[PDB]
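For reference, the structure discussed in these notes is given below.
Start at 1 and go down the list; that is how both ligands and their atoms are numbered. All residue numbers refer to positions in the sequence shown, counting from 1. Note that these values count all heavy atoms, side chains included, but never hydrogens, waters or copies made by symmetry.
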Amino acid sequence: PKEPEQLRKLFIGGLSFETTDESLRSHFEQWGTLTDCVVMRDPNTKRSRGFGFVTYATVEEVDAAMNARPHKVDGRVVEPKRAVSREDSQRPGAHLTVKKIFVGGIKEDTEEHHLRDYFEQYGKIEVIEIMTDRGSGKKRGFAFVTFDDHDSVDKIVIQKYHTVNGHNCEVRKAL
Ligand SMILES: Cc1cccc(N2CCN[C@H](C)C2)n1
């Protein structure tokens, strides 16, 4: 059972106009088997649009490619991004590239270390903010986690489930 193809794709932005299907593939095959690899071009001029896509055979290969950033492809540092659902987008077909998540449903007994221990395996955490009531100081049952990079957030929001401190949590991109 293969993971859905959408979860195995990387958009590669910022390409050199000299990058080709072949040179993009040669580069990105270092991190996995590529089932597809295309440079987007103008339909009339064939001039590169400056972005392309690669599709790996597995999600672990996507992760390996993302963990090997920064990627300098044909002399230019490119911008890889994995796909997320429309619910974590501001408009169809656009990526909301952010470093912060909202975590809801954690109630009053969840502490900073619960969030750190769980989320640190998705990326490097810079800020954990457990939200408390402005008047009483009581925990409100939600938090924000800020990472050093957007791929952590992208991996997080595409999971169907997050269980933190025994709670089934709602997690979404923030700001
Ligand atoms: C497959 C994938 C992953 C991440 C972003 C992304 N896109 C945003 C930039 N514009 C292209 C056409 C779509 N596509």
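- The protein atom (non-hydrogen) at minimum distance from atom 5 (C) of ligand 1 is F11 CB, 3.6 Å.
- With contacts defined as side-chain heavy-atom distances shorter than 4.5 Å, the pair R41/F17 does not qualify.
- The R82 neighbourhood of ligand 1 comprises atoms 3 (C), 4 (C), with distances under 4.0 Å to a heavy atom of that residue.
- Between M66 and the options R82, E61, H71, a side-chain contact (heavy atoms from CB on, under 4.5 Å) holds for only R82.
- Scanning the protein heavy atoms around atom 8 (C) of ligand 1, the nearest turns out to be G93 O, 3.9 Å.
- Side-chain contact check for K81 and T97: at least one donor-acceptor pair (N or O, by modelled atom type) lies under 3.5 Å.
- The aromatic ring centroids of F142 and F102 lie less than 6.0 Å from each other.
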